[PDB]
């Protein structure tokens, strides 16, 4: 009844060009079995959305990577938010929501926007730049660690730590094993920065610790919640901004529409998140036998959700393989959906908006002018290098 496929969605060949295999996964059925890893897979929008929105049946507390925390030890102590189910999820989630709240964005927007404009001005002086290292990485590094309240020393551990976190959701392949082998210094740095005295006044980290007297979280929960922001808050935006720049570089007609109306910057970024889906996949674990799209999945089974495939499913999207900055993007699953839907999405969208606004106002053309190199990660999709020439407006 359920088709068995040999596709390895964590293989380098798959990462290099996932789109044919994602269509095969969608078209084989609403639910597939991936023999390579002994997991169920859902690649159509409808089933991905359904799984995300039933957290009781498709839980997160047994891990959102391949590993089942009921069977194996987690590689690090479980996240109090990502790897928790309601009701244990609810209070930590509320704290992060308030720390990253609509009102908090007002305090940081002016500085984030000035840093974006300054970065684009700097890049225009160079002309030919690497849109990854010099923009997608450099811009978030220039705003997010400071917004966290981190000291300067040791920030070089942040991107390695995030790459480790995202590789560790994958199966025990070479990418994951190698990341864990190299992890000790990055974990040591990150864990130390999560302690209250190491987080500067007014930043996200200090604000998390300040919530420890309201009854929502205790003091001993705050370090792990700071850890959540140091895990999820940087490399995601690197790949989101990188996706948006790569889209504008490949689709100059959309750059031209963005230049003509810079207020499209927020939706241009949202459409880049749908189009590239920098966060490609997450797992859930069934807590009971369940019927999903005509298939019967037993208890304690891992279900792999293809967020990027859901975001390209023609059953849901018109012209899904086109980058369209005026598309009605609401409902895409690039930030998830439901109770775990990205708690940092206002930060991510703020960064993406102000960078695309700076490009829309200052840049006339973005031309790829060197070899494009892809970066391979078990969960993140994005580029290692994107050589571009920026022409000033």
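Only the largest set of C-alpha atoms that superpose within 1.5 Å between the two forms is called the rigid core. Numbering follows the first chain given and starts at 1.
Chemist: Between 209 to 217 and 254 to 262, pick out the one whose C-alpha positions differ more from the shown form in 6 other deposited structures of this protein, using the rigid core for superposition.
Modeler: Relative to the shown form, the greater RMS C-alpha distance in 6 other deposited structures of this protein belongs to 209 to 217.
Chemist: Give the stretch, out of 297 to 305 and 94 to 102, with the larger mean C-alpha temperature factor in the deposited entry.
Modeler: Per the PDB entry, the higher value belongs to 94 to 102.
Chemist: Quick one: higher average CA temperature factor, 364 to 372 or 331 to 339?
Modeler: Going by the record's values, the stretch with the higher mean is 364 to 372.
Chemist: In terms of recorded Cα temperature factor, pick the maximum from 326, 60, 67, 57.
Modeler: Of the options given, 326 has the highest CA B-factor in the PDB entry.
Chemist: In the PDB entry, which of 157, 126, 259, 274 has its C-alpha at the highest B-factor?
Modeler: 126 has the highest C-alpha B-factor of those listed.
Chemist: Just say lowest, middle or highest third for the CA B-factor of residue 41 relative to the other modelled residues in its chain.
Modeler: It falls in the bottom third of the chain.
Chemist: Using the B-factors in the PDB entry, rank residue 12's C-alpha atom against the chain and give the third, lowest, middle or highest.
Modeler: For residue 12, whose C-alpha B-factor we compare with every modelled residue in the chain, the answer is the highest third.
Chemist: Of the three thirds of its chain by CA temperature factor, lowest, middle or highest, which one includes residue 318?
Modeler: Its C-alpha B-factor belongs to the highest third of this chain's values.
Chemist: Would you please rank residue 75 by its C-alpha temperature factor against the other modelled residues of its chain and give the third it falls in: lowest, middle or highest?
Modeler: According to the entry, residue 75 has a C-alpha B-factor in the chain's middle third.
Chemist: Quick check for you: using the entry's CA B-factors within this chain, is residue 251 in the lowest, middle or highest third?
Modeler: As the PDB entry reports it, the C-alpha B-factor of residue 251 lands in the highest third of its chain.
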